[PDB]
2 protein chains.
Amino acid sequence: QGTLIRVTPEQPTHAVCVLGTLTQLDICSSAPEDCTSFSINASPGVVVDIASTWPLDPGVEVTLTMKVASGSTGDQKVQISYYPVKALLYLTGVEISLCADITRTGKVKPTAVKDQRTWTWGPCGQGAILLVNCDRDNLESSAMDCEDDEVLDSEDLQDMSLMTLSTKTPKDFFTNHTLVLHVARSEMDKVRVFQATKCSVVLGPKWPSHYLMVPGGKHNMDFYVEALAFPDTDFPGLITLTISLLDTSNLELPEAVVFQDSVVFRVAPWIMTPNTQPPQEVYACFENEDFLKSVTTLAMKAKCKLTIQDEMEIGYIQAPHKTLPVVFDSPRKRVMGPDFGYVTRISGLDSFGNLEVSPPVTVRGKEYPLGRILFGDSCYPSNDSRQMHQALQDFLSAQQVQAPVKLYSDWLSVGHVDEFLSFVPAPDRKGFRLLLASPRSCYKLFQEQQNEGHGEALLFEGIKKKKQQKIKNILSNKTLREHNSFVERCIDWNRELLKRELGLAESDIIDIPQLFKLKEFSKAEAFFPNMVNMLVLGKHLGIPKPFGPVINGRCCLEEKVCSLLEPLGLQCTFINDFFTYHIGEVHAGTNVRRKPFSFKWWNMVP
Amino acid sequence: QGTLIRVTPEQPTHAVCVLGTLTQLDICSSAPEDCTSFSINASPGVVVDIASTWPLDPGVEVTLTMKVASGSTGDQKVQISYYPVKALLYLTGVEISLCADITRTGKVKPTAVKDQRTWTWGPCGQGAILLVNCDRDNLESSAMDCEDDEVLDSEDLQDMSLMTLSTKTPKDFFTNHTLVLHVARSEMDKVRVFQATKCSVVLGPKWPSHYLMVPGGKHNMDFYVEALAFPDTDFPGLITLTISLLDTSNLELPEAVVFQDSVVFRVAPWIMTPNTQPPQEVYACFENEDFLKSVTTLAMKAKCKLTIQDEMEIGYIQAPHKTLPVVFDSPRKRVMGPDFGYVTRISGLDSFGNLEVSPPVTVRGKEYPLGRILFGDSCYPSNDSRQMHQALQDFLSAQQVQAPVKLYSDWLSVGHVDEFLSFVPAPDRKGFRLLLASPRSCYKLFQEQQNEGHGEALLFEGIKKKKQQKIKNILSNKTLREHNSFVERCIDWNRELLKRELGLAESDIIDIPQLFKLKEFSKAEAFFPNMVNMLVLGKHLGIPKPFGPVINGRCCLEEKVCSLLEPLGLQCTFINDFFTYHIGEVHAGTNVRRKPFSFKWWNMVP
Ligand SMILES: CCn1c(-c2nc3cc(C(=O)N4CCC[C@@H](N)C4)cc(OC)c3n2C)cc2cccnc21
Ligand SMILES: CCn1c(-c2nc3cc(C(=O)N4CCC[C@@H](N)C4)cc(OC)c3n2C)cc2cccnc21
Ligand SMILES: [Ca+2]
Ligand SMILES: [Ca+2]
Ligand SMILES: [Ca+2]
Ligand SMILES: [Ca+2]
Ligand SMILES: [Ca+2]
Ligand SMILES: [Ca+2]
Ligand SMILES: [Ca+2]
Ligand SMILES: [Ca+2]
C-alpha cells in the first residue's frame, strides 16, 4: 500500500498515483552534493505532510496525498528546489478499487481498512463468502453447473458471489497502462470467474490470468465468481483474486507493476442438520402400503411436505446472498436440480447411517452452535477391526464448523451409529434429550411385569412368521442375559464419551428399552425392531412398533416408551413396518430435509 | 476420564478402578421399586462424596475416590443397602499412567491436568516434541536411521523421544486383563515406537497396535519414539499414541474396554538460519587456489572452523533433549552422518539460491523470533512467467514457524533472490541491516567521479580477458541507463514489499552500488560481479571484488561499499575470484553452517 518516487533535477519525473495509497518522496538520493537545504511547493490537488526550509537530512519524511482522480495525464505538479536547481514531478491521480462482500451483509463493499486482505472468523472478522456451484438450475443441462465454462440461466447468478471493479482515471490514461486480473496457479482449479456485460470467462482452470478491457474515465465493471471444489485435505478453502496495474509505456521493455489489490474468498463448507431442527420435507420410496398411510398422517400432522435414503445425507451450504440444500452421497445417481446441491467424496462404516450430528451444545467453554458430527469407529485398530474411510473422515474435519467426534460402533453387526443413539426435541433445559438404547431398561420392565403376574405374556404376537417368546423364559435365559450385559457395557462406554465431548449431564439422557442378539463373529443385531432409531419430525415421533408382549390391552414396551417421551410433549406414532428385509440387509426407506441453522457458520471461531 | 458403575442386589458387582479417574455410582436403576431410601458404607480405602439417609432421587450424585492401588483383587468393598436388601460392590484400585515430556523441559512428566491430550503452542502450552530421525549415527549403515526397524547404536537414542508406562496393580490382576498400545492408522507411517529392555519394535508402519507384556505389581516400562516424516501438505505434524486397558474375563465374549490414556507428540519442523546468526562451520569445494587462501584467512579471523553448495540449504531441527543440523537439498547424493540430518521434497526457481531467510523481526504486532523465509516469484502467472514448484512452497509453509514471503525475482536471468538482497549484522537499532542492490547508488558515484575529473578511469582493469570501459562513455550510454532504470524499478517494488512484510523503515536499508545488463528474453545479469551477494561470517564480510575503475590508488566501488559497511563495524575483505564460469552457469562454491536460535520454536504462537 505504498510507493516511493525518486525525483532528479536533470530529468523530469512522471508518476502514477492510486487514490488510497500512501506516497513518499525521495529527494535526497539525487540531490546536488553542494546543496544543504530544500523546499517544496505543489498544486492545490496535491497535499504535502512533511515531518521554514528543511535541512535535507535523510531522516525527513515527505508524504504526499492527492484529493481526487486526475482529469488529464499529469495535471498535478510538484516542484522540488535545491539550495538553486529545481526538480519536477508530474503526477496523475487514478482510482483502482476492487470490491466484494467482505462485510458478509449481502451488499458489495470496497477495500474496510481492517480487513488487510486476510480472512478472519467471527462477528468482528472480515472476508467474502463463496459457494460451491454444485446444483443444477438449468433444467435442460444434465450435468453440474460448475462442470462447464458458461452461464446459461439468469437464475444461476444468485448462486455466484459478486465482485466489482470501479475505476476513475483520465481518458488517455489507458494507452500506455493496462489492468490484469489473476489468481494463484494452485487455486485456479477451484474457482471460475465471469465478466458481466451476457457473461464470459476471464479466470478459471488453465487460465490463471487475463487482460482487462476497460475505458478511461469513470467506469465500473461487474464480475461473478463461482467455486468448483469443497474444502478438503488438499484445499483449506481460501481463494485470493488479484488486480494489477501495469506500465507499458516502454515498447521494448517488459511490463512493470505499479499497483496491486486483492480480495479473499472463503469456500462455504457442508453443514449437517440435527433432528431438533424443523423438517422442510419428507422423502419416501411394492410393500408397506399401509405404512405409507401412517407416514402421510404424521407429515400432515406435523405440517410437513411429503414427496415420494440411508445411503445419503441431506445437508446445506449458505452465503449472505444464497442458501440451498446439498446432498452428500455415500460411496457405498445424483439428484441435481434447482437449489439442490450434490457432493461426493469400501467398508461398511462408510455408509451415512453411521453419520449423524448433535444439537447445538457448549462443551467446557468451547461453543458449538452448529452441533458436532458423530460417526463410529473401533476402539483400537486390529486385523479384525473396521473403520470409516480416512478420506471421508478428512472431509468432515475439513468442514471445520462441526467438530467430528469418533464413537465406538464396531461392536454392532451393521456398525452404524444411528442404531444405538438418537436425539429428540425437549421443552426444557438444553431443549433436547439424548436417546440411548438400554438393555437394563428393557430387562427391568420384563422383570417388573413378571412380578406383576403377567410373566406368561408371549412376544412376537400377531406376526405372520415369528416364534412366540414368554417373558418368564426370556428372563430365565442365561445366554441372552450375558450378551445384553456386554452390549450395555458398549453403550455405557459411548455414554461417557458423549457426556464428555458434548458436555452432557445424566439429566439430559433418556434410556430406551432395547436388547440385542449376538450373531456370527460376535456381532450384534437388534432382537426386536430398534426403537431408538426413528423418524423425528418435530414434536411428532415415528418410532418403529416393537411388537412387544401384550399386557392388559396395550404393548408394555410402547407404554414405557410413551411414559418417557410423552412428558416431553412428544406424540408417539408406532409404525407397523418401519424396516424391511432383503434377500440379508435390513433397511429403512425414510429420509428428511430440515431447515438450516439461523446461526451463520462464518460467525463461530473454530 | 470417567466410569459409571451400576450395582444390583440380585448379583454382586465387580469393578476395576484406575487411580486418577472420577467414578460415579448408579444405584437407582436397579433399586427395589418398593424402596424409597438408601444408605452406603464402604472400606477405609474407598472415599464417598455424595451430594442422614438419602431419598434415592435420580438427581443425587454418588462419587467414589480410592486412596491407593490394590494389593489384592477386590480388596476394597462397597455395601449399598436399600430401604431391607443389600447390594455389593468389589473394587480393585490400579495405576495406569502414560508419561512423556509434555512440559518441554527434557524430563518425563506424567499425565498435567491442563494438557487434556491437546497440543498447544506457546510458553503456557503443553505437548511433547518429536524429532524426525533423518540423520545417520551408525557409521556402518549407509541408509537413513528411520528407513529400517531397529536400533543399532546407543548414540541413536539421544535423537528419540522418551515415553514411560508406569503401572501399580495386584499380581493376579493381569490373568484376566490386558494392555495394548496403539496409534491411528493414518499416523502409523510417520512414527515408529521401540520398547526398551535391547530394543524391539512395537508400533510403526503396517503395525498400528500391539499387545503389551507387563507383570503385576509395581512395574514401569520405557518406550523410545521416532518420527519418519516432516510436516507437509498431507501431514500437519501431530502424532497421538494411546494405551488401552481391556477386560478379558469372558472367554467367549470379545475384549471390552475399561480405560484409555493418550499422549500427543508434535513433529519438529525444519528451520533456517539468517546471516545474523554466528557461523559454526564454513564449507568449500582446480581453480582459485589463491582464493582458498583469502577464504581461510577470513574464517581464521572470524574464529570459525573451515572444511573442504548453492543447491542446498543447511537448516536444523531441535527438541528439549537433542538439537542437530539438517540439510535441505534442492531437487535441481545425501550427506548423512552423526548429528547431520537430510530431507528432500523442475524450474530454475527451485534452486535454494532463491531461498533465504530474514533476521528476527516484529511486523505490526505479530512477532517473528525465528525470522521469515523469503523466496522469489513472478508478479502474476503468465505463459512466459516462472515460479517455485508448489510442492516446495507447501513444505515451507507447513513448517509454520517461519512465515514465507513471496518476492519478485522473475525479472532476473537466474531468478534467485540472493542476487539482489542480503542481510548483515548491525551494532544498533534492530541489530541488522538489509542490503539491496541499487543502480542509482552506482550511477551517482560514477557521475560524481566524472565531475571529480577522473572520468577517464577504465573499468575491467587488470583482467585477463575483458574490455576496458570508461566512466565517461558508460554514463553516456543511453541503452544501459534505461535498463538500469528498469531494474531499479523492480528492486524498488521488492523494497516496499520487504518494508511491509518485515516491518522495516528506510533507516534499516542500505543501498549497494550495482548495475545490470539485459540479456535475451529481456532477462537480467550483473554487469560486474554482484557485490550484494556475499559470504557473511559475523563481523567479517567476504564481498566479491568488483574490479571497478581505479581512482587514486584504490577502487572507488570498494571505497563506497566500505564507507557504508565500516561504520557498522564490518571488516571488508574483497575476493579475487568469488564466482566462476562453466562451459553457461555462474556459481559460487561457498556454504555456511550457523548456530541455531536460542529461542525455542515451540514457544511462538503462529
Ligand atoms: C424390523 C427388523 N427387525 C429387527 C431389526 N431392526 C433393526 C434396525 C436396525 C437399524 O437401526 N438400522 C438398520 C441398518 C441401517 C441403520 N442405519 C439403521 C438395524 C438392525 O440390525 C441390522 C435391525 N434389526 C435386526 C429386529 C427384529 C426382530 C423381529 C422382527 N424384525 C426385526
Ligand atoms: C564474476 C561473474 N561476473 C558477473 C556476475 N556475478 C554474478 C553473481 C550472480 C549471483 O549472485 N549468483 C549466481 C547464480 C546463483 C545465485 N545464487 C547467486 C549471478 C550472476 O548472473 C547470473 C552474476 N554475474 C553475471 C558479472 C561479471 C562481469 C565481469 C566478470 N565477471 C562477472
Ligand atoms: Ca456453468
Ligand atoms: Ca447454480
Ligand atoms: Ca440456485
Ligand atoms: Ca445418518
Ligand atoms: Ca533405525
Ligand atoms: Ca539418529
Ligand atoms: Ca544423533
Ligand atoms: Ca540461499
| task | State all residues of the range A:30-44 that are within 10 Å of another protein chain (Cβ to nearest Cβ) and loosely packed, with under 15 Cβ neighbours inside 10 Å; if no residue qualifies, say none. | result | A:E33
| For the range B:165-197, which residues satisfy the criterion of being within 30 Å of B:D232 (Cβ to Cβ) and polar (S, T, N, Q)? | B:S186, B:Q195
| message | Of the conditions (1) buried (at least 21 other Cβ atoms within 10 Å of the Cβ); (2) more than 12 Å from chain B (Cβ to nearest Cβ), A:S438 satisfies every one except a single condition; which number is it? | response | (2)
| query | Exactly one of (1) in a helix (DSSP H, G or I); (2) of a type outside the set (D, E); (3) within 13 Å of chain B (Cβ to nearest Cβ) is unmet by A:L407. Its number? | reply | (1)
| Verdict on A:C124 being away from ligand 8 (no atom under 16 Å from the Cβ), surrounded by 12 or more Cβ atoms within 10 Å (Cβ to Cβ) and part of a loop (DSSP other than H, G, I, E, B) | no
| said: When you check B:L349 against the structure, is it buried (at least 18 other Cβ atoms within 10 Å of the Cβ), within 14 Å of another protein chain (Cβ to nearest Cβ) and either within 16 Å of ligand 7 (Cβ to nearest atom) or not in a strand (DSSP E or B) (or both), yes or no? | reply: yes
| What residue, of A:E150, A:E226, is farther than 19 Å from A:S97 by Cα, more than 14 Å from chain B (Cβ to nearest Cβ), assigned to a strand (DSSP E or B) and more than 16 Å from ligand 6 (Cβ to nearest atom)? | A:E226
| request: Hey, can you tell me all the residues within the range A:362-402 that are more than 14 Å from chain B (Cβ to nearest Cβ) and surrounded by fewer than 19 Cβ atoms within 10 Å (Cβ to Cβ)? | output: A:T362, A:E367, A:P369
| request: Pick out the one residue from A:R117, A:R104 that is away from ligand 3 (no atom under 16 Å from the Cβ), within 14 Å of chain B (Cβ to nearest Cβ) and touching a strand residue (DSSP E or B) at 6+ places or on another chain (Cβ under 8 Å). | output: A:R117
| said: Please go through the range A:48-72 and give me each residue that is within 15 Å of A:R6 (Cα to Cα) and surrounded by 14 or more Cβ atoms within 10 Å (Cβ to Cβ), ordered by number. | reply: A:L56, A:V60, A:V62, A:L64
| task | Out of B:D75, B:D101, B:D149, B:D115, report the one residue that is under 30 Å from B:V257 (Cβ atoms), charged (D, E, K, R), surrounded by 22 or more Cβ atoms within 10 Å (Cβ to Cβ) and away from ligand 9 (no atom under 16 Å from the Cβ). | result | B:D101
| query | Looking at B:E456, B:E452, B:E419, which is the one that is of a type in the set (D, E) and either within 16 Å of ligand 6 (Cβ to nearest atom) or touching a helix residue (DSSP H, G or I) at 6+ places or on another chain (Cβ under 9 Å) (or both)? | reply | B:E456
| said: A:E289 - would you say it is more than 29 Å from A:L412 (Cα to Cα), of a type in the set (D, E) and either away from ligand 8 (no atom under 16 Å from the Cβ) or over 19 Å from the mean Cα position of the chain (by Cα) (or both)? | reply: yes
| query | If we keep just the residues of the range B:167-192 that are crowded, with 16+ Cβ neighbours inside 10 Å and away from chain A (no Cβ under 14 Å), which is nearest to ligand 1 (Cβ to nearest atom)? | reply | B:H177
| note | Here the residues within the range A:589-605 that are crowded, with 18+ Cβ neighbours inside 10 Å and either within 16 Å of ligand 9 (Cβ to nearest atom) or aliphatic (A, V, I, L, M) (or both) are A:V592, A:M604
| Residues located in the range A:511-539, provided they are among the small types (G, A, S) and either touching a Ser or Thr at 6+ places or on another chain (Cβ under 8 Å) or within 14 Å of ligand 1 (Cβ to nearest atom) (or both) | A:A524, A:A526
| task | Go through the range B:188-213 and give me each residue that's within 16 Å of B:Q260 (Cβ to Cβ) and either part of a loop (DSSP other than H, G, I, E, B) or within 27 Å of the chain's Cα centre (by Cα) (or both). | result | B:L203, B:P208, B:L212
| Say we look at the range A:405-445 and pick out the residues that are aliphatic (A, V, I, L, M) and more than 29 Å from A:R332 (Cβ to Cβ); which of these is farthest from ligand 4 (Cβ to nearest atom)? | A:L445
| Within the bounds of the range A:487-505, is there any residue that is in the same structural domain as A:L412 (by CATH), over 23 Å from B:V257 (Cα atoms) and in contact with a helix residue (DSSP H, G or I) (Cβ under 9 Å, 6 or more places away or on another chain)? | no
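So basically every Cβ, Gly included, is an ideal-geometry build from the backbone, and we count neighbours across all protein chains shown. All of this is worked out from the model, or read from it or from the source named; none is laboratory data.
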